[PDB]
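Only one chain comes next, encoded as structure tokens, the form deposited in one PDB entry.
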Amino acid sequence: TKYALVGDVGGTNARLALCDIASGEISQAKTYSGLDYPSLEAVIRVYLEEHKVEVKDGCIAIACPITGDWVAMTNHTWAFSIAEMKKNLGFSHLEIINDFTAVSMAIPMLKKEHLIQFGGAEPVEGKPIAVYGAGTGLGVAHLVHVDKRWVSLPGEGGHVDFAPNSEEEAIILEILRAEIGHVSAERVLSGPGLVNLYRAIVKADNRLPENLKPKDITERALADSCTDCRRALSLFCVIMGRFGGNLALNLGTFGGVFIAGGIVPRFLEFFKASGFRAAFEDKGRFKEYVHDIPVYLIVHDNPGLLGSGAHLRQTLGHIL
């Protein structure tokens, strides 16, 4: 006894692993470069050649929208049919889920070492949660507990309208509106978003922005070498907090609000010093509704693999 395949595929890397069906324990994690292989199926075939456990069931998390049978990646060239791959492999069950789904399903098996708290009291148990993360884009998922079942609630919530909170942010909205049409939260809360803030900040003060990259905004802000970059990073943290407070109000998320890494781990200290938590509770007479809600950065390394395990196991009739 007795293993299923799990997988966390994102950008150009494909990390695969084994999930113990009885326990949900993940082992034998291996990461392949998606640039070396023509498909996900041809990484799984290598992975499964080199472990010699009979696997029948698999759940792979992939950082792209999962709708029908056809899966097309966002930042890599892979695209495949779920049913074909399932048939081509030995497989009885083949679940393909979005990465934020896998992450939200990891959450109830995370322990306190897997979490860094930012304000709030303790979670109320069995109560709804929100996960978001600013990375390549802005992902959001929710999780609710209904009669022993953990039910994930996927969505495209990083694409809701950007909600400015001052004259400055408002000038940034309109600057972005004039280039790009509708301005979503993701336009400002992601890697490419941190660059949008930078450019908009410089354009509002009537200078010309350099062609900077997200790493350069971070690094020049963490250095204090550029006051445009420190303001970009600084507003990002505020915007991020406000947005997380809206998730919390919206779904009554007293189980807690979680941040999946993305770009934040790379500026933890600045993030901890930032106005994030004040922004989270900056809700007028509803400051009290969210005042005690915990926010956690998740710092577990493979919540994706964990979550796929949980999802699969729950699919196969297990109780998590």
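We call the rigid core whatever largest set of C-alpha positions still superposes within 1.5 Å between the two forms. One rule holds for the numbers: they count along the sequence shown, beginning at 1.
Quick note: we don't show the form deposited in another entry, though the next part is all about it.
With a cut-off of 2 Å and the rigid core superposed, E50 has a Cα displacement that reaches or exceeds the cut-off between this form and the one not shown. In a rigid-core overlay of the protein, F270 has its C-alpha displaced by under 2 Å between this form and the one not shown. Taking the rigid core as fixed, one finds a CA shift for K287 smaller than 2 Å between this form and the one not shown.
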